[PDB]
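Coordinate analysis (summary)
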Amino acid sequence: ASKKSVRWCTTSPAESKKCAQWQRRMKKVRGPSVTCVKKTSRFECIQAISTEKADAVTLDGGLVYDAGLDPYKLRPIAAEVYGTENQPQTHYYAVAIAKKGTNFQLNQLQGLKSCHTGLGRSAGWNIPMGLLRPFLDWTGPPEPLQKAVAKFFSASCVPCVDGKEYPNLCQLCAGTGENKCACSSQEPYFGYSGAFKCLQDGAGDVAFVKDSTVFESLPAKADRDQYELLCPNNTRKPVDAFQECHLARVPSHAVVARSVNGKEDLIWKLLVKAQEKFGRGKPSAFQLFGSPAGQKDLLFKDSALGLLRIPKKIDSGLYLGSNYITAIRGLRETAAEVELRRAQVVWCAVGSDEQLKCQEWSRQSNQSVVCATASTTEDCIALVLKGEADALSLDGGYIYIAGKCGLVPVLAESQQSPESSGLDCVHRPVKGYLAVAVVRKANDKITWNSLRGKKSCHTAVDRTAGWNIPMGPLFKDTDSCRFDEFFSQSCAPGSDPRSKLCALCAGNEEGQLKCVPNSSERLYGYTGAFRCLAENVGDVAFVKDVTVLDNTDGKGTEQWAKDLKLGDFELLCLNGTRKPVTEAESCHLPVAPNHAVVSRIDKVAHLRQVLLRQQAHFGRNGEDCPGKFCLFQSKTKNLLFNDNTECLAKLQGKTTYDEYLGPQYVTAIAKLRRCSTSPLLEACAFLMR
Ligand SMILES: [Fe+3]
Ligand SMILES: [Fe+3]
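Residues numbered from 1 in each chain as written, not as in the entry; some residues may be left out. Chains lettered and ligands numbered in written order. Heavy atoms only, no water.

Its PDB header names X-ray crystallography as the technique used to obtain the model and reports a resolution of 2.7 Å.

1. Here we look at helix α1 (residues 13-28)
Because an α-helix completes one turn every 3.6 residues, residues spaced three or four positions apart along the sequence face the same direction. Between its first and last C-alpha, α1 extends 23 Å over 16 residues, near the 22 Å set by a 1.5 Å rise per residue. Residues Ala-14, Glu-15, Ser-16, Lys-18, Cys-19, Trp-22 and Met-26 constitute the buried set of α1. On its buried face, α1 is in contact with β1 (6-10), β2 (34-38), α2 (42-50) and α9 (264-278). Immediately beyond the C-terminal end of α1, within one or two residues, lies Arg-30, with a positive phi of roughly 70 degrees. (Helix = DSSP H or I, 4+ residues; strand = E, 2+ residues; numbered from the N terminus. Expected span 1.5 Å × (residues − 1). Buried < 20%, exposed > 50% of the residue type's maximum accessible area, 1.4 Å probe, protein only. Contact = heavy atoms within 4.5 Å.)

2. Some remarks on the nonpolar core
Across soluble globular proteins, nonpolar side chains show a tendency to be buried alongside one another. The biggest cluster of nonpolar side chains holds 173 residues, and the ones touching the most others in it are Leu-109, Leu-385 and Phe-569. For this core, the leading source of residues is strand β7 (residues 91-99), giving seven residues. In contact with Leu-385, not counting residues within four places along its chain, are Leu-318, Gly-321, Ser-322, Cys-405, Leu-407, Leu-680 and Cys-684. Residues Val-408, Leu-607, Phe-629 and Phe-641 belong to the second largest nonpolar core, which totals 26 residues. (Core = buried A, V, L, I, M, F, W, Y, C linked by side-chain atoms within 4.5 Å.)

3. What to know about the pairing of β2
With five bridges joining them, β1 and β2 adopt parallel strand pairing. Each residue of the ladder has a partner; that of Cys-9, found in β2, is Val-37. As for the winding sense of the linkage, the β-α-β connection from β1 through α1 to β2 is right-handed. (Pairing = 2+ DSSP bridges. Right-handed = clockwise from strand over helix to strand, strands pointing away.)

4. So, the sheet that holds strand β4 (residues 74-80)
Strand order in the open sheet formed by four strands is β3-β14-β4-β15, with antiparallel pairing between adjacent strands. Here the strands that pair on one side only, and so sit at the sheet edges, are β3 (57-59) and β15 (307-309). In this sheet, adjacent strand axes meet at a mean angle of 45 degrees when their direction is disregarded. Strand direction decides the pairing type here: β4 and strand β14 (residues 254-258), joined by five bridges, are antiparallel. Looking at β14, one finds that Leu-74 is bridged to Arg-258. Of the strands in this sheet, β3, β4 and β14 touch α2, which is tilted by about 130 degrees from β3. (Axes fitted to C-alpha atoms, helices over the stretch in contact; angles between N-to-C directions.)

5. Quick notes on the pattern of salt bridges
For the structure shown, the criterion picks out 31 salt bridges. Where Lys-151 meets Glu-143, a salt bridge forms, and the shortest distance between an N and an O atom there is 3.9 Å. On the basis of relative accessible area, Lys-151 is assigned to the exposed category, the value being 52%. When its relative accessible area of 19% is taken as the criterion, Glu-143 is described as buried. The partner of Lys-603 in a salt bridge is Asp-390, with the nearest N and O atoms 3.6 Å apart. Of this pair, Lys-603 sits in the loop between β25 (596-599) and α18 (604-618) while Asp-390 sits in the loop between α14 (377-385) and β18 (392-394), and the two are 213 residues apart along the sequence. A relative accessible area of 1% means that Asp-390 is categorised as buried. Here the salt bridges do not stand alone but share partners, grouping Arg-341, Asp-390, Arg-600, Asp-602 and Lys-603 into one network. (Salt bridge = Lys/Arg side-chain N within 4 Å of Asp/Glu carboxyl O.)

So this is what it looks like as structure tokens:
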């Protein structure tokens, strides 16, 4: 029955053939034992693996999706690798090209002529025609997809397709005789390269090929500039903008295994030894990645140059992505179910009252906002990342994990500023706060850059202007992460009580809680960012520009901030120079940015619209705010949105993540985030290879 080995899942006799000997040579060299389980379809193998009848099998992204789905739940453990040694790639973007000139956008495709690579394909048929599902005018399944496509474009050239029922879909192909529209290279507009020649020649207005096609068809760079790419936001972009202007990303075939009790490590150790002893470029005849004579891609791909262990964070949907899973869902869904998902917002929520506030908002909204919930902020972001949720209102550090995973700022949380505004904000800009490093003018050995040695005043350990940014750019150049081996003695409330990081700290009236992250440790907050500096303890202090000119002039608490002018404090200064806190408008660190609402670039416009309206009934000036539910008002905990925000206000040419956060901000946050690692960020970076 079952031993210590790994049971592979063969689907053909020829597939079990290769495995019958894979198992034999594997005992012979001594490397993990492997036995075969032969079924009849990969679908079969899904079920056998899923109930302990087999342990491993490699599948397509269509079947990865389905194997990680409700009943079965297997996961991607290893990617295949394609290309040459110089350039191995794990995946690629399915892309839509068009002549530079034509001012048609993805939305206005209806009624143009298309060139496709081949019916039922990926890149050429399934990816583009499942994404366009909305505009198609298609009932769903038993209806041949192909007559909704027959009606949508005027003429086209979809290779494999029957020019018999539907002749315009074969209409623009270029084969003669009994090869016109053939489903081989005897139809000269077949493939990536023929879908492109279809377009170059003038037969279609768009081609659906992949990232590479133009680069491979037109070397020159001169020629390639007579083309644009249509992005999913409805714009056009040059042909190397495919990374940010693409239709879908297509993963390399994966080996899957069970999530519970999957035997991963075993399967992976078996895979390293046969890759090591029989893989591409090996001495042998038994080659893992290589098949017989009429036998193709048995087991693995004959095209492949190795395997790769995929991060344990990654599951069925992150491996695939949202764009791919969407392309699959719209091909086999009911125009019914399709415009319900197309219209409403699922809100990733975090923890339970954030849970109950959205379901409160849900019923309240008469269901145009719905609720997915993750056990954390990261698992929320991965949910939106795989289409299981559309939104979440995120801080500036997560925004970057967010924008590093393909995601985008929708609406910003415009602060009203705790007390009083007057009366409109949606269109009033965002400001954001000028992060600043202040000094005493009784000090003169001290410039940004003359600082290792000095005393610091931090606001707290791990807050945005008082730690993360001052420590970001300060530590940027070097790649050491010892953020205590730069100042002599810093007071950073959050740090170790004995260290060079809590030595200046105040403590409770010079008494109790010393170097503690609250008001009980006096030299903490803005507050004691300006008070270890202002009482000659700190040489410098990390605050927002306001801690000075909302504390100087004669204003803090009894005794220190009293009789202190503000022209007594001369700002600092990154340039290398130094000026007074007044104009912190040239002499700042970043502007530490507003908490925003991040979604995918598809949801974006719908979402934007639905939150201007949400806010309009329940937002600060809710014509139902006091009256029903209240947008900004948490159950005392900054739930869903932050308590002191005036409104959600549109970004304004502040549309990218790094166009939003600021590039001083990205640096800060990039330095640090290598120092403190994120597995959603590991998982993210891996998925570009
Ligand atoms: Fe393809
Ligand atoms: Fe802060």
